[PDB]
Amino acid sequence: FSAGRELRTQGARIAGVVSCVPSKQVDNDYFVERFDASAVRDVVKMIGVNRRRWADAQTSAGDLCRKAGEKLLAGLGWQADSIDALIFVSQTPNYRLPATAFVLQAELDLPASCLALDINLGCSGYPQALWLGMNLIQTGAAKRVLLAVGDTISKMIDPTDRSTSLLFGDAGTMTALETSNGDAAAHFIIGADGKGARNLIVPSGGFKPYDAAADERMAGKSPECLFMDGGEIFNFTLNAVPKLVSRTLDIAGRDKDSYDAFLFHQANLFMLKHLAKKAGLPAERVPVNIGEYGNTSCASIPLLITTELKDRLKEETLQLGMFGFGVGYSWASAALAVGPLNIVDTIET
C-alpha cells in the first residue's frame, strides 16, 4: 500500500446524483478591471474557465447540498424516514459547531437514527465519501445513505490573487447510495501525505495560525485566504495521480478501453490534459466541465457526472473511474459500474 490503501466494497450502488449551483454566473469580463485583459486571457486559456458560479453571502455549501438533496429525494421518491446516514464532505461548513450534517438532518426531516457526520476533505473527497458510504451499507450500518459533498471556495479567495480568483467556482451535490443485490464490486484507493499541508492551506481561521510571516512564499498574501503553491501541487499531482490511475485500473480488472469515462477532479485544464496524456487515457473519454463551472473543489466529480453524463446514464450502465487529488495532500480513486439512473440532474439556486 506504498501508494495508497486498496479497498473493495460490494452490496451497495449509486442510486442518483443531483448538483445545485448558484444562479449567479460570473464571466471572465468581471476580472479585467482588476487584472490586465491580456494576463486574464492567457491564464484562462491554461485553466480552461469561461464562466463560474459564485454563492452569495447567504448561500452556503450546506444550502446548496440541501437543495440538491430535496430534488434528489423527490426524484427517487425516498421518504425522509428511510435515510440511515448523511455524510457532509466540505471545507466550508456553516458553523465551527455544530456540524452542518445536523442542520441538513433537521432541514431534510431525517430521523433521529440518521447518522450525521461532517468530514473535512477537499478535492480527494468524493471517492472517499463513496467508499465510506458503501462500507456503511455493506456492514449493515445502513440501507440508504446520502452524501452531501459541496463547497463555496469562492468565500476563501483573496480577490487580489489572480491565480485563485479566476479558478474557483461553487457547487453543492447530493448522492444517494442504496443496498444492492448483485455481485458487482467497487474498488477504491486512498492515500495521504501530510507533508504537503503547507502547499495548499488557509493559514489563519482555525485554532493554530500557520506562521505566514516566516514563509517567504506568502509575502503580500492575506493569511485568512487560500494559499496554493502551484509548482509543488503540479509536481505532486503529475507524480501521484498517474500511478493511482494505473493501480486502480489493475485492481478493478477491466481493460482501459472498456471504461465509459474517467472522471477527474477539475483542477485546471492544463493539468487535466497532462494527466490524461501521462496515464495514456483517451482524451475524449475524460470529461471536462471546468469551462462553465470553474474548479468546484470536492463537488467537482459529482458535478461532472450530472452535467456530462446525465443522458448516457439514463440509458446504460457505465463503467466509470473517478480520481480526486489535492488538499492534504490527499488522493483517492473509485472504479465501479453506475446506472442506468433516471435521477441525475443539475439545478440552480
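For every residue, the number given is its place in the sequence shown, counted from 1.
Peer 1: Taking the recorded C-alpha temperature factors, which stretch has the higher mean, 236-244 or 133-141?
Peer 2: It is 236-244 that shows the higher mean C-alpha B-factor.
Peer 1: Of the two stretches 2-10 and 340-348, which shows the higher Cα B-factor on average in the entry?
Peer 2: The stretch with the larger mean CA B-factor is 2-10.
Peer 1: Among 216, 84, 170, 109, single out the one with the highest C-alpha B factor in the record, please.
Peer 2: Across 216, 84, 170, 109, the entry lists the biggest C-alpha B-factor for 216.
Peer 1: From 280, 324, 291, 62, pick the one with the largest CA B-factor in the entry?
Peer 2: Answer for 280, 324, 291, 62: 280, with the highest C-alpha B-factor.
Peer 1: Can you work out whether the C-alpha temperature factor of residue 296 puts it in the lowest, middle or highest third of the chain?
Peer 2: It belongs to the middle third of the chain when residues are ordered by C-alpha B-factor.
Peer 1: Would you please rank residue 183 by its C-alpha temperature factor against the other modelled residues of its chain and give the third it falls in: lowest, middle or highest?
Peer 2: Residue 183: CA B-factor falls in the highest third of its chain.
Peer 1: Per the entry's values, where does residue 124 land by CA temperature factor relative to the rest of its chain, in the lowest, middle or highest third?
Peer 2: As the PDB entry reports it, the C-alpha B-factor of residue 124 lands in the middle third of its chain.
Peer 1: Lowest, middle or highest third: which one holds residue 96 when the chain's residues are ordered by CA B-factor from the entry?
Peer 2: Within its chain, residue 96 is a lowest-third residue by C-alpha B-factor, going by the deposited values.
Peer 1: Mind checking which third residue 37 falls in for C-alpha B-factor across the chain?
Peer 2: Answer is highest: the recorded C-alpha B-factor places it there.
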